[PDB]
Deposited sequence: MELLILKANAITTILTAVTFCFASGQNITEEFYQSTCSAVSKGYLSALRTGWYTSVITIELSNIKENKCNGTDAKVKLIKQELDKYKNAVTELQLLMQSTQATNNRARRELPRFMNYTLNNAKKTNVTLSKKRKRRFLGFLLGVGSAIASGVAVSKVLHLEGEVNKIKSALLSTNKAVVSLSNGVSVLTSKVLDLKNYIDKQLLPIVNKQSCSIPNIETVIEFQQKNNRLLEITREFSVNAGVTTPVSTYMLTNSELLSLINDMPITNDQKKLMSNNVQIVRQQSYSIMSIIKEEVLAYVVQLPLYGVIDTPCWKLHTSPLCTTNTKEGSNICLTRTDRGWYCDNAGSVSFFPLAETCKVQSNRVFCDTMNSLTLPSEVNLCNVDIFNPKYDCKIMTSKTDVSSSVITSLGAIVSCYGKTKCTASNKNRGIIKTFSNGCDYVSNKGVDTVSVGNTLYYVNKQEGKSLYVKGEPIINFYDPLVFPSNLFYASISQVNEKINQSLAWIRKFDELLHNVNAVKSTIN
């Protein structure tokens, strides 16, 4: 853990380096089966309460099975706008659709006749891993049928009721979780796949030992980037499909960019111009190029490790890293946006905070022991979380992050002081440096042409 952070005063932005990558670059699909029963009907002219409880539990089981069948017979009769779209569950749904052909269920049942785990080939020629996580058929047919199938339902025992309830609870919960999500669920609960079974699926994937260890250590995130799909219920067997991620890129450098608006500080109201850098997010080296994640909601962090998803990313060249040290470079075209609004805000970075204090707003950073230790002036400034606990930007109070690290301050004149406020192209959402430069150079051309003609007409007088 050697996270470092730099502040660039010339553009009012910060970069945090020192992380490691774990990117998702594929999917893995398996099949999970449950062996049910087909209890026909229960009939007793009894009066004991234990028989009543047994009948109630059996009724709940039948209702769950019927609801599952009914559900099955319904499916088969700033730069966030630059991203393409895709379907997240295409592979699992394809496997589920393959499962509906005739003879597949017989193949699955024949494969797992003796053992609880096997590898079977489907019709099209794909091999998937199967499992049998529960078996209610044997217990029901060997315990409950002798009590209630033909006899007068004489005497169940008190322990049998509790045992049956404990057995049936998991199936009830699985039915409940499929029911409300219309078939496809979000992070796979403990009922769908036990923590002792997730660690067993991982030790069967065709991956390297390092990826196996990474998936085993951080198992609470593999569970948050997975899907579960209901497939079929027929011929006394239940089957659903689990879709697990694959991490093909591991241990490559990553960094994050924090940006804030940078304005001018003229006293006259409504006489200030601003610009802001719009490309803020996560960047990670990936096979000779940089991947950009702008949604700020697809990447998780565990203290040095970032678990991103490559379906909501952009592939940029390796020169995108050069916008930091220099902004007027003739090799990349950094992205900005312009406006004319002067409002104070603050951005809480990983190792400090950025404060923009424009207008008459009072901005202050305070320590918890002495009290007030800094009074910001008008501009973009940055303070580190070493002796600072909270920062206030007016009516708002923020708490800074207290991670240990090293922060550096880079001086330099702001770039907003180089432009001409009489020709600046305001209200230019999602512009770039070259576009802004082009829009300015041509207005002066019109002005000069006008001046030329005006001089010329006063030259031809005589």
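Q: Just jot down which stretches of the deposited chain sequence have no CA coordinates, in the order they come.
A: Comparing the full sequence with the modelled residues, the uncovered ranges come out as 1-25, 103-136, 522-524.
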